[PDB]
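Student: Quick one: structure below, then a few questions.
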Amino acid sequence: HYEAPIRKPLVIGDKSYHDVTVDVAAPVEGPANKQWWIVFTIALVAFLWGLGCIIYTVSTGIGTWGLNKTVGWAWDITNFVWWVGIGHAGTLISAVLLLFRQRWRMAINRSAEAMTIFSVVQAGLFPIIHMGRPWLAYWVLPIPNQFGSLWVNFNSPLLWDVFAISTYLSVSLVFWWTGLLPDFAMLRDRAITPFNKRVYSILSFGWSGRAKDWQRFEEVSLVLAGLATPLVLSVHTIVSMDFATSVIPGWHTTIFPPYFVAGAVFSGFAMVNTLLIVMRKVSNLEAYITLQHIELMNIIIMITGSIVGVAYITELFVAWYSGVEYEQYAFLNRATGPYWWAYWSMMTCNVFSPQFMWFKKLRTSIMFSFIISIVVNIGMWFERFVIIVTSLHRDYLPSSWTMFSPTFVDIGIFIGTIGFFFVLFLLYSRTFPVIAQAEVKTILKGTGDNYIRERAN
Amino acid sequence: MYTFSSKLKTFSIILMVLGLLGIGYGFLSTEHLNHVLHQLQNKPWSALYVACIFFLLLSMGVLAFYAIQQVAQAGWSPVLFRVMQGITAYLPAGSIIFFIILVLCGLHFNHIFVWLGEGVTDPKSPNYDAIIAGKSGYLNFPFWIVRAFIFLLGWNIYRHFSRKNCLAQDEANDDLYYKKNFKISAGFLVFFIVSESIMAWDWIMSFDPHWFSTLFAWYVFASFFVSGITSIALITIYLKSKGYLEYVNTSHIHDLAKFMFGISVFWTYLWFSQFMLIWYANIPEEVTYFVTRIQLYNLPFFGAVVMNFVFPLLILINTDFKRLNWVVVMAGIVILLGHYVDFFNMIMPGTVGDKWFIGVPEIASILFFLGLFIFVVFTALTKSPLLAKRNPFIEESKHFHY
Amino acid sequence: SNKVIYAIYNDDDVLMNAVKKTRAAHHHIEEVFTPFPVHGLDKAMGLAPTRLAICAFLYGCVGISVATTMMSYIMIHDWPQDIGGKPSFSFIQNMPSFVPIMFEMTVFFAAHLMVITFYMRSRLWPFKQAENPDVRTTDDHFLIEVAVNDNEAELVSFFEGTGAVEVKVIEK
């Protein structure tokens with residue numbers, strides 16, 4: 001054909017068509033081990049305890065939280081936007097990499113989708129839990145009623161957020177689900193038990209793979225990828241405008257709509273990378289997730305990290321350039337004040353972590369990159385925390401200046417969402433086809449350590 | 001090689017004469033008039049400034065893309081690199097002219113910038129402005145010149161060695177120049193991002209020392225990067241129609257068409273978010289920026305939205321149309337005009353305000369630099385063969401289809 | 001009482017050769033079944049282009065009419081109250097605050113209405129009976145089926161030439 005000799009193989013082990021399907025189907029076709037049950041139990045307990053904390057604070061009062069009369073938001077919306085940021089990784093991997101014809105994405109796409117459907121859901125709890133009277137939440141929708149057709153306004157970003165999140169999730173759900181049709185077909189055709197036979201004959205639709213069916217299938221995925229990238233940007237931007245549209249010094253800005261997005265990409269891939277690292281060893285799919293996939297994840301993280309760095313110095317320049325004392329003081333408060341440790345630990349992580357990737361000896365290391373990928377998520381949690389808290393406890397009228405400290409029920413709810421995340425993801429890995437077969441089988445001949453060697457001789 | 005048309009020479013000469021003459025013409029024509037007369041005297045000056053910065057950044061919009069395509073190891077771009085190299089020959093000449101203009105401001109031959117005027121910093125003067133004086137640690141003139149100067153070297157050096165090493169790679173039995181350029185381009189892109197942010201502050205936001213905004217430079221970047229892409233496409237269409245390109249087909253055109261489409265939408269995104277975040281919570285300080293634009297430059301302000309969004313929105317969405325030469329040429333022209341207007345809109349209200357118009361001194365500067373640009377680019381194409389030699393990705397690009 | 005020839009292959013290379021030969025020899029192909037996308041099959045078969053993209057664009061246009069008629073009714077023509085200093089006099093005035101919703105609605109309808117169009121035209125739903133003529137085809141083996149007119153002997157001898165891994169003649 002015409003492939004360049006420069007490129008390295010994406011498939012290792014001289015694997016054929018049966019080799020690939022057997023490898024991927026194997027974890028679905030067998031039983032879970034003791035270690036799986038131990039981990040599962042732990043995640044479940046954390047989740048159930050978290051539910052108890054949620055019920056308690058809903059039924060007894062928000063005053064059980066560490067919120068103040070000054071600081072109305074902290075840890076509730078902090079964790080909301082943190083989970084939202086995480087849930088943009090999969091929609092980049094399956095849509096953006098698609099649009100740029102990035103072949104290596106084929107071994108990631110499926111698990112990347114799991115990362116958004118199990119994290120957007122976590123975020124969806126906070127918009128309800130923090131509410132003062134959540135049983136009246138249905139009033140948010142513009143539904144004809146007995147109050148003289150009393151409506152809602154359409155000027156608040158909190159309402160815009162309702163539309164952004166509910167449609168973001170809805171669209172992504174049908175997108176990744178459609179991609180499962182040819183993979184469930186390969187499981188219903190195993191039918192080792194009549195129970196499983198029934199299950200996969202129902203999970204799959206009548207997907208008898210045919211010329212016409214595949215033709216349409218490809219076109220649908222192209223359209224949805226085209227629509228998905230705009231959603232990735234617009235949804236996180238609507239979230240961003242909860243602070244950008246304010247009158248509060250330190251929040252009012254124009255940099256947030258692209259800034260928070262860059263951060264979302266950065267933190268999302270850092271999360272994904274840690275799960276792929278443990279996945280390729282537990283599931284034994286290291287022949288599909290190679291060091292080239294890991295290296296490329298590291299490179300992207302490096303790139304977006306530098307974008308964030310530029311935005312940090314942009315804000316500081318403008319603050320100095322501006323003659324507004326209130327904006328300058330807000331930045332002085334972050335540099336030196338009672339929350340200095342949140343600010344400086346945040347900056348330490350975001351500034352230096354992505355810069356280690358310039359060194360090949362560090363970038364090409366599953367050990368080093370595993371550690372760094374974890375660190376990034378810590379720094380990004382503080383990124384969200386610092387912006388919200390440091391800008392509220394200090395503002396107009398010195399008499400209103402205060403502090404802030406969270407309680408065990410603020411912490412507990414967050415722990416609960418983490419536990420739930422892992423319950424869902426862990427169960428996913430034992431029932432779903434973790435690697436798309438329809439995708440891999442279109443690249444097995446184009447790339448791999450067999451065919452390339454053939455081309456070279 | 002590339003045989004010069006033997007007609008474009010005289011064509012570009014005509015543009016460089018009629019435009020030049022029009023420029024010359026433009027400079028031959030209580031406290032109320034102290035305002036008005038400065039607005040009138042600035043008209044033929046900002047008419048040149050906007051033309052130079054437009055074409056200067058136009059060239060930079062190609063080099064940014066060039067560096068990206070090599071770093072990203074594109075498998076369809078190699079066949080078009082010679083054209084891109086030919087286009088980015090303007091920069092080492094256009095940047096000279098632009099720099100000279102900056103010097104002329106420094107030597108007080110105009111009133112283009114406010115903070116470069118006399119008596120602004122000192123408190124012993126009727127021209128004293130405390131707000132501007134407080135920003136003098138950044139606006140200090142000799143710092144502004146040096147800071148501007150080194151940005152030009154940081155772009156011109158890259159251009160020079162990129163070409164030099166490429167030609168060396170064409171005449172070698174191993175690699176070493178490919179990898180050399182790979183490393184250089186990566187370094188360039190890092191530098192570029194930093195110099196881009198500062199550049200916008202110094203050359204565009206410096207027209208209004210009483211106004212600031214975050215997300216300005218990224219907006220500016222998009223406003224020229226998009227136009228850079230369309231200029232690439234238009235040159236390759238021309239050369240192809242004249243029989244000078246081989247291994248070029250509608251899939252290469254299509255790929256560029258959809259590329260420029262997506263990034264033109266991105267420009268619109270940035271435009272709106274900047275506007276709305278001021279409009280939504282109109283804290284009066286920093287709001288007059290839009291007040292004086294909406295009330296005066298009504299059609300320019302909103303027309304720039306339509307031409308850079310609405311028009312291509314209903315054109316470059318049909319994949320069959322993306323392969324048609326006249327569809328692509330048409331859209332390219334509209335986009336270029338739209339971004340010219342974008343720069344016009346950003347600069348004009350700060351120099352002439354309500355005395356603005358699009359007559360002789362504006363048209364003349366456009367045509368002058370148009371002719372200059374054409375002359376340099378097509379001359380450059382005769383100094384090197386199209387379709388580079390041994391290159392690690394050229395064999396697949398010669399068979400590229402989509 | 002029609003019979004169908006089931007030509008079972010091994011790779012895309014032999015499919016492309018086989019399909020092109022049936023086109024040259026004028027053997028009407030009834031269906032082609034594959035475990036994964038070929039990226040040259042519909043071209044060789046001569047299948048007509050899809051129109052799903054043409055289906056959505058229109059769905060997006062429906063979405064924008066919904067978003068704008070909703071908000072222009074409620075906010076300025078039913079209760080034109082003041083919420084802040086926002087001018088609710090017209091729809092030009094206070095337009096920017098409606099953009100975040102209008103955008104999301106056009107994508108929402110463009111996406112979901114064409115996905116269900118795909119399922120309706122491809123006949124896919126949760127309790128639909130699967131139509132695999134040979135179980136092995138999903139994991140592996142490619143299948144081209146051609147109906148028998150009357151000359152079973154030569155129709156089979158044709159399929160016994162290129163890519164003849166397994167050839168079956170099955171009634172109905």
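By convention here, the chains of the structure tokens are called A, B, ... in the order presented, each chain's residues are numbered starting at 1, and ligands are numbered starting at 1 in the order presented.
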Applying 12 Å and only C-alpha atoms, which residues near segment 145-161 of chain C remain after dropping the ones on its own chain fewer than 4 positions away? List them as a PDB file with N, CA and C atoms, in the first residue's frame.
Tutor:
```pdb
ATOM      1  N   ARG A 210     -24.532  -5.923   8.040  1.00  0.00           N
ATOM      2  CA  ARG A 210     -24.670  -5.957   6.592  1.00  0.00           C
ATOM      3  C   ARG A 210     -24.111  -4.691   5.977  1.00  0.00           C
ATOM      4  N   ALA A 211     -23.763  -4.789   4.689  1.00  0.00           N
ATOM      5  CA  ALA A 211     -23.209  -3.686   3.909  1.00  0.00           C
ATOM      6  C   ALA A 211     -23.901  -2.353   4.161  1.00  0.00           C
TER       7      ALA A 211
ATOM      8  N   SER C   1     -40.305 -21.531  -4.408  1.00  0.00           N
ATOM      9  CA  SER C   1     -39.262 -22.407  -3.888  1.00  0.00           C
ATOM     10  C   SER C   1     -37.886 -21.974  -4.373  1.00  0.00           C
ATOM     11  N   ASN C   2     -37.435 -20.808  -3.931  1.00  0.00           N
ATOM     12  CA  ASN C   2     -36.138 -20.311  -4.355  1.00  0.00           C
ATOM     13  C   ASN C   2     -35.047 -20.792  -3.418  1.00  0.00           C
ATOM     14  N   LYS C   3     -33.845 -20.935  -3.963  1.00  0.00           N
ATOM     15  CA  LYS C   3     -32.687 -21.352  -3.198  1.00  0.00           C
ATOM     16  C   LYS C   3     -31.676 -20.228  -3.207  1.00  0.00           C
ATOM     17  N   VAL C   4     -30.811 -20.199  -2.199  1.00  0.00           N
ATOM     18  CA  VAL C   4     -29.813 -19.145  -2.090  1.00  0.00           C
ATOM     19  C   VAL C   4     -28.415 -19.725  -1.923  1.00  0.00           C
ATOM     20  N   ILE C   5     -27.465 -19.190  -2.679  1.00  0.00           N
ATOM     21  CA  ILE C   5     -26.077 -19.599  -2.554  1.00  0.00           C
ATOM     22  C   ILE C   5     -25.383 -18.757  -1.512  1.00  0.00           C
ATOM     23  N   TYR C   6     -24.760 -19.422  -0.568  1.00  0.00           N
ATOM     24  CA  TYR C   6     -24.047 -18.756   0.490  1.00  0.00           C
ATOM     25  C   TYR C   6     -22.551 -18.913   0.279  1.00  0.00           C
ATOM     26  N   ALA C   7     -21.919 -17.864  -0.227  1.00  0.00           N
ATOM     27  CA  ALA C   7     -20.489 -17.885  -0.492  1.00  0.00           C
ATOM     28  C   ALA C   7     -19.737 -17.342   0.717  1.00  0.00           C
ATOM     29  N   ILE C   8     -18.993 -18.211   1.384  1.00  0.00           N
ATOM     30  CA  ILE C   8     -18.244 -17.847   2.576  1.00  0.00           C
ATOM     31  C   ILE C   8     -16.780 -17.623   2.243  1.00  0.00           C
ATOM     32  N   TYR C   9     -16.260 -16.476   2.669  1.00  0.00           N
ATOM     33  CA  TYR C   9     -14.920 -16.020   2.382  1.00  0.00           C
ATOM     34  C   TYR C   9     -14.009 -16.049   3.611  1.00  0.00           C
ATOM     35  N   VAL C  14     -10.358 -11.074  -0.854  1.00  0.00           N
ATOM     36  CA  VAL C  14     -11.116 -11.974  -1.694  1.00  0.00           C
ATOM     37  C   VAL C  14     -12.533 -11.472  -1.866  1.00  0.00           C
ATOM     38  N   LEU C  15     -13.068 -10.710  -0.902  1.00  0.00           N
ATOM     39  CA  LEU C  15     -14.384 -10.116  -1.117  1.00  0.00           C
ATOM     40  C   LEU C  15     -14.373  -9.141  -2.258  1.00  0.00           C
ATOM     41  N   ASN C  17     -12.385  -8.998  -4.801  1.00  0.00           N
ATOM     42  CA  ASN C  17     -12.258  -9.696  -6.062  1.00  0.00           C
ATOM     43  C   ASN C  17     -13.556 -10.385  -6.432  1.00  0.00           C
ATOM     44  N   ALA C  18     -14.196 -11.009  -5.447  1.00  0.00           N
ATOM     45  CA  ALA C  18     -15.437 -11.732  -5.671  1.00  0.00           C
ATOM     46  C   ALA C  18     -16.567 -10.812  -6.072  1.00  0.00           C
ATOM     47  N   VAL C  19     -16.723  -9.694  -5.358  1.00  0.00           N
ATOM     48  CA  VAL C  19     -17.802  -8.765  -5.664  1.00  0.00           C
ATOM     49  C   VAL C  19     -17.634  -8.210  -7.055  1.00  0.00           C
ATOM     50  N   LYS C  21     -16.182  -9.543  -9.556  1.00  0.00           N
ATOM     51  CA  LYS C  21     -16.500 -10.568 -10.541  1.00  0.00           C
ATOM     52  C   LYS C  21     -18.000 -10.799 -10.668  1.00  0.00           C
ATOM     53  N   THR C  22     -18.758 -10.715  -9.564  1.00  0.00           N
ATOM     54  CA  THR C  22     -20.210 -10.867  -9.680  1.00  0.00           C
ATOM     55  C   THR C  22     -20.817  -9.678 -10.388  1.00  0.00           C
ATOM     56  N   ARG C  23     -20.180  -8.520 -10.275  1.00  0.00           N
ATOM     57  CA  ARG C  23     -20.688  -7.358 -10.979  1.00  0.00           C
ATOM     58  C   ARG C  23     -20.431  -7.505 -12.467  1.00  0.00           C
ATOM     59  N   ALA C  25     -19.967 -10.324 -14.085  1.00  0.00           N
ATOM     60  CA  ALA C  25     -20.736 -11.461 -14.562  1.00  0.00           C
ATOM     61  C   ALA C  25     -22.235 -11.297 -14.355  1.00  0.00           C
ATOM     62  N   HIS C  26     -22.665 -10.162 -13.806  1.00  0.00           N
ATOM     63  CA  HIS C  26     -24.077  -9.836 -13.627  1.00  0.00           C
ATOM     64  C   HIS C  26     -24.827 -10.805 -12.715  1.00  0.00           C
ATOM     65  N   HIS C  27     -24.242 -11.136 -11.570  1.00  0.00           N
ATOM     66  CA  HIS C  27     -24.925 -11.980 -10.592  1.00  0.00           C
ATOM     67  C   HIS C  27     -25.455 -11.071  -9.502  1.00  0.00           C
ATOM     68  N   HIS C  28     -26.764 -10.837  -9.505  1.00  0.00           N
ATOM     69  CA  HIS C  28     -27.372  -9.936  -8.531  1.00  0.00           C
ATOM     70  C   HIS C  28     -27.118 -10.396  -7.100  1.00  0.00           C
ATOM     71  N   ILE C  29     -26.417  -9.563  -6.337  1.00  0.00           N
ATOM     72  CA  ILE C  29     -26.134  -9.869  -4.940  1.00  0.00           C
ATOM     73  C   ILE C  29     -27.325  -9.483  -4.101  1.00  0.00           C
ATOM     74  N   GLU C  30     -27.781 -10.408  -3.272  1.00  0.00           N
ATOM     75  CA  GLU C  30     -28.906 -10.097  -2.417  1.00  0.00           C
ATOM     76  C   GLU C  30     -28.431  -9.380  -1.168  1.00  0.00           C
ATOM     77  N   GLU C  31     -27.481  -9.980  -0.441  1.00  0.00           N
ATOM     78  CA  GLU C  31     -26.915  -9.348   0.746  1.00  0.00           C
ATOM     79  C   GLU C  31     -25.457  -9.702   0.976  1.00  0.00           C
ATOM     80  N   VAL C  32     -24.753  -8.811   1.670  1.00  0.00           N
ATOM     81  CA  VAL C  32     -23.382  -9.074   2.084  1.00  0.00           C
ATOM     82  C   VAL C  32     -23.277  -8.851   3.579  1.00  0.00           C
ATOM     83  N   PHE C  33     -22.780  -9.851   4.291  1.00  0.00           N
ATOM     84  CA  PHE C  33     -22.687  -9.792   5.733  1.00  0.00           C
ATOM     85  C   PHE C  33     -21.239  -9.726   6.174  1.00  0.00           C
ATOM     86  N   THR C  34     -20.901  -8.769   7.042  1.00  0.00           N
ATOM     87  CA  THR C  34     -19.522  -8.682   7.508  1.00  0.00           C
ATOM     88  C   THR C  34     -19.473  -8.431   9.016  1.00  0.00           C
ATOM     89  N   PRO C 133     -27.403 -15.533   9.222  1.00  0.00           N
ATOM     90  CA  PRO C 133     -27.465 -16.741   8.387  1.00  0.00           C
ATOM     91  C   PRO C 133     -26.381 -17.738   8.742  1.00  0.00           C
ATOM     92  N   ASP C 134     -25.357 -17.273   9.454  1.00  0.00           N
ATOM     93  CA  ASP C 134     -24.252 -18.107   9.913  1.00  0.00           C
ATOM     94  C   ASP C 134     -23.574 -17.383  11.066  1.00  0.00           C
ATOM     95  N   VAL C 165     -14.095 -20.490   0.362  1.00  0.00           N
ATOM     96  CA  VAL C 165     -13.820 -21.206   1.601  1.00  0.00           C
ATOM     97  C   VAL C 165     -14.902 -22.228   1.836  1.00  0.00           C
ATOM     98  N   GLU C 166     -16.150 -21.784   1.748  1.00  0.00           N
ATOM     99  CA  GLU C 166     -17.277 -22.689   1.882  1.00  0.00           C
ATOM    100  C   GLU C 166     -18.461 -22.174   1.077  1.00  0.00           C
ATOM    101  N   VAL C 167     -19.072 -23.039   0.275  1.00  0.00           N
ATOM    102  CA  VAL C 167     -20.215 -22.637  -0.545  1.00  0.00           C
ATOM    103  C   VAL C 167     -21.413 -23.534  -0.257  1.00  0.00           C
ATOM    104  N   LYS C 168     -22.530 -22.933   0.136  1.00  0.00           N
ATOM    105  CA  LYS C 168     -23.732 -23.701   0.432  1.00  0.00           C
ATOM    106  C   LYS C 168     -24.883 -23.310  -0.480  1.00  0.00           C
ATOM    107  N   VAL C 169     -25.776 -24.254  -0.746  1.00  0.00           N
ATOM    108  CA  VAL C 169     -26.992 -23.965  -1.495  1.00  0.00           C
ATOM    109  C   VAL C 169     -28.158 -24.346  -0.612  1.00  0.00           C
ATOM    110  N   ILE C 170     -28.879 -23.356  -0.111  1.00  0.00           N
ATOM    111  CA  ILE C 170     -29.932 -23.614   0.858  1.00  0.00           C
ATOM    112  C   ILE C 170     -31.265 -23.064   0.380  1.00  0.00           C
ATOM    113  N   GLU C 171     -32.280 -23.921   0.373  1.00  0.00           N
ATOM    114  CA  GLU C 171     -33.619 -23.507  -0.016  1.00  0.00           C
ATOM    115  C   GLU C 171     -34.214 -22.553   1.007  1.00  0.00           C
ATOM    116  N   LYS C 172     -34.756 -21.439   0.514  1.00  0.00           N
ATOM    117  CA  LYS C 172     -35.399 -20.414   1.335  1.00  0.00           C
ATOM    118  C   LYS C 172     -34.465 -19.800   2.369  1.00  0.00           C
TER     119      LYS C 172
END
```
Student: Using only C-alpha atoms, determine which residues lie at most 8 Å from residue 4 of chain A, disregarding the query and same-chain residues fewer than 4 positions distant; provide the list as an MDAnalysis selection string.
Tutor: chainID B and resid 392:393 395:396
Student: Give me, as a count of residues only, the residues of chain B touching chain C, with the criterion being at most 9 Å (counting only C-alpha atoms).
Tutor: 4
Student: Can you tell me, as a list in words, what residues are no more than 12 Å from residue 329 of chain A when counting only C-alpha atoms, ignoring any on the same chain fewer than 3 positions away?
Tutor: residues 249, 250, 316, 319, 320, 322, 323, 324, 325, 326, 332, 333, 334, 335, 336, 337, 390, 391, 394, 395 and 396 of chain A
Student: Which neighbours of segment 257-269 of chain A fall inside 7 Å, counting only C-alpha atoms, when residues of the same chain fewer than 3 positions from it are skipped, and could you give them as a PyMOL selection string?
Tutor: chain A and resi 85-89+233+236-237+240-241+254+272-273+297+301+304-305+307-308+311+376-377+380
Student: Among the residues of segment 38-159 of chain C, find those DSSP assigns to alpha helix (DSSP H) from the backbone and print them as number ranges by chain.
Tutor: C: 41-45, 52-73, 99-122, 136-139, 152-159
Student: Set the distance at 12 Å and use only C-alpha atoms: which residues neighbour residue 105 of chain B once local chain neighbours fewer than 2 positions away are removed? I'd like the list as a PyMOL selection string.
Tutor: chain B and resi 42+45-46+49+98-103+107-118+141-142+144-145+203
Student: Go ahead and save the picked residues with N, CA and C atoms, as a compact mmCIF listing (two decimals), in the first residue's frame.
Tutor:
```
# COMPACT_ATOMS: atom_id res chain seq x y z
N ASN B 42 -5.32 61.92 12.11
CA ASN B 42 -5.01 60.51 12.27
C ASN B 42 -5.55 59.63 11.15
N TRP B 45 -3.08 57.96 8.75
CA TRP B 45 -2.07 57.21 9.47
C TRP B 45 -2.57 55.85 9.89
N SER B 46 -3.73 55.80 10.53
CA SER B 46 -4.26 54.50 10.92
C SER B 46 -4.71 53.71 9.71
N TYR B 49 -1.54 51.75 9.23
CA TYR B 49 -1.25 50.84 10.32
C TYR B 49 -2.07 49.58 10.22
N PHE B 98 6.42 47.50 8.95
CA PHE B 98 5.64 47.64 10.17
C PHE B 98 6.48 48.22 11.29
N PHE B 99 7.69 47.68 11.48
CA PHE B 99 8.59 48.17 12.52
C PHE B 99 8.90 49.64 12.34
N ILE B 100 9.16 50.06 11.10
CA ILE B 100 9.43 51.47 10.81
C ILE B 100 8.28 52.35 11.26
N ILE B 101 7.04 51.92 11.01
CA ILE B 101 5.88 52.68 11.45
C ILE B 101 5.89 52.87 12.95
N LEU B 102 6.23 51.81 13.69
CA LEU B 102 6.28 51.89 15.15
C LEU B 102 7.28 52.94 15.59
N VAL B 103 8.41 53.02 14.87
CA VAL B 103 9.44 54.01 15.15
C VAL B 103 8.94 55.41 14.88
N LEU B 107 8.90 58.73 17.28
CA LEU B 107 9.54 59.99 16.95
C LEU B 107 8.55 61.14 16.78
N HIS B 108 7.30 60.93 17.19
CA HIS B 108 6.27 61.96 17.20
C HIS B 108 5.91 62.50 15.82
N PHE B 109 5.74 61.62 14.84
CA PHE B 109 5.28 62.09 13.54
C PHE B 109 3.79 61.92 13.37
N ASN B 110 3.11 61.47 14.42
CA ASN B 110 1.68 61.25 14.35
C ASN B 110 1.10 61.24 15.75
N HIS B 111 -0.20 61.02 15.82
CA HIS B 111 -0.88 60.91 17.09
C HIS B 111 -1.67 59.62 17.13
N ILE B 112 -1.04 58.54 16.66
CA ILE B 112 -1.69 57.23 16.62
C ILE B 112 -1.94 56.70 18.02
N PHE B 113 -0.95 56.78 18.90
CA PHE B 113 -1.12 56.30 20.26
C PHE B 113 -1.20 57.46 21.24
N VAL B 114 -2.01 57.28 22.28
CA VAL B 114 -2.26 58.32 23.27
C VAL B 114 -1.09 58.48 24.22
N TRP B 115 -0.68 57.38 24.82
CA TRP B 115 0.37 57.36 25.83
C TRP B 115 1.76 57.69 25.29
N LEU B 116 1.93 57.73 23.97
CA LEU B 116 3.18 58.20 23.38
C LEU B 116 3.21 59.70 23.22
N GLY B 117 2.13 60.40 23.57
CA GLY B 117 2.11 61.85 23.46
C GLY B 117 2.97 62.48 24.54
N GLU B 118 3.16 63.79 24.43
CA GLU B 118 4.03 64.50 25.36
C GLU B 118 3.25 65.15 26.50
N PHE B 141 8.19 53.88 26.53
CA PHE B 141 8.51 53.78 25.10
C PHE B 141 9.71 52.92 24.68
N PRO B 142 10.92 53.09 25.23
CA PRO B 142 12.07 52.26 24.85
C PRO B 142 11.89 50.80 25.17
N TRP B 144 8.89 49.34 25.04
CA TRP B 144 7.93 48.95 24.02
C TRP B 144 8.62 48.64 22.70
N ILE B 145 9.60 49.46 22.30
CA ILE B 145 10.31 49.19 21.05
C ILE B 145 11.14 47.93 21.12
N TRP B 203 0.43 45.90 20.40
CA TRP B 203 0.13 46.45 19.09
C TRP B 203 -1.35 46.72 18.86
```
Student: For each of B:264, B:136, B:169, B:125, take the minimum atom-to-atom distance to chain A, counting only C-alpha atoms, then give the residue where this is smallest.
Tutor: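 Under the stated criterion, the closest residue is B:136.
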